[PDB]
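Cβ placement follows ideal geometry from the backbone for every residue including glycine, while neighbour counts extend to all protein chains displayed. Computed from the coordinates by the stated procedures, all read-outs in this text should not be read as laboratory data.
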Amino acid sequence: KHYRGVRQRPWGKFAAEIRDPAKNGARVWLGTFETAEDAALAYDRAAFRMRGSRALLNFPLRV
DNA sequence: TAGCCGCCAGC
DNA sequence: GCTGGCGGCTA
């Protein structure tokens, strides 16, 4: 699978970005993560912090 | 190898 | 118009 923010780097790792509209479309590089699901979980909290609530995520813990 | 650039495509 | 993702480049 692929994920929101999550970008395969060609040696086989997963970066995670989010774009921040309050900073007028800035990227915010959440880091790099060994697994796609941990890159995607980094995005999960990063979108939640800029939105505060009501977000479109990789692991919505409400379901 | 990671991150940033910068752009492009997609939504 | 914005966000995500591409993709490559450079650090």
Neighbouring Cβ atoms within 10 Å as the yardstick, rank A:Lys1, A:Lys13, A:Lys23 fewest first. A:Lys1, A:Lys23, A:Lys13
Give me the one-decimal nm value for the distance between modelled label points at A:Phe48 and A:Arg9, 7 Å along each residue's Cα-to-Cβ direction. 2.4 nm
Go through chain A and name the chymotrypsin sites (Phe, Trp or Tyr not before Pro) that are in a DSSP coil and have 16 or fewer other Cβ atoms within 10 Å of their Cβ. A:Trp11
Counting other Cβ atoms within 10 Å, which trypsin sites (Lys or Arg not before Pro) in region A:28-58 have at most 16 and lie in a DSSP loop? A:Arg54
In whole Hz, with x marking every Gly and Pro, tabulate ³J(HN,Hα) for region A:31-37 from phi via Karplus 6.51 cos²θ - 1.76 cosθ + 1.60, θ = phi - 60°. x, 10, 8, 4, 10, 5, 6
Let me have the 222 nm mean residue ellipticity of chain A computed from DSSP H runs of 4+ only, each contributing -39500 (n - 2.57), with the sum over all residues rounded to the nearest 500. -8500 deg cm²/dmol
For A:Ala22 paired with A:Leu56, estimate the spin-label separation in nm (one decimal), with each label point 7 Å from Cα along the Cα-to-Cβ line. 2.0 nm
Using Cα-Cα distances under 8 Å and only pairs 6 or more residues apart, what relative contact order does chain A have, in percent? 30 percent
Counting only Cα atoms, I'd like the Rg/Rh figure for chain A, Kirkwood definition for Rh. 0.97
Test of the criteria: in chain A, which GluC sites (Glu not before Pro) are in a DSSP loop and have at most 10 other Cβ atoms within 10 angstrom of their Cβ? A:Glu34
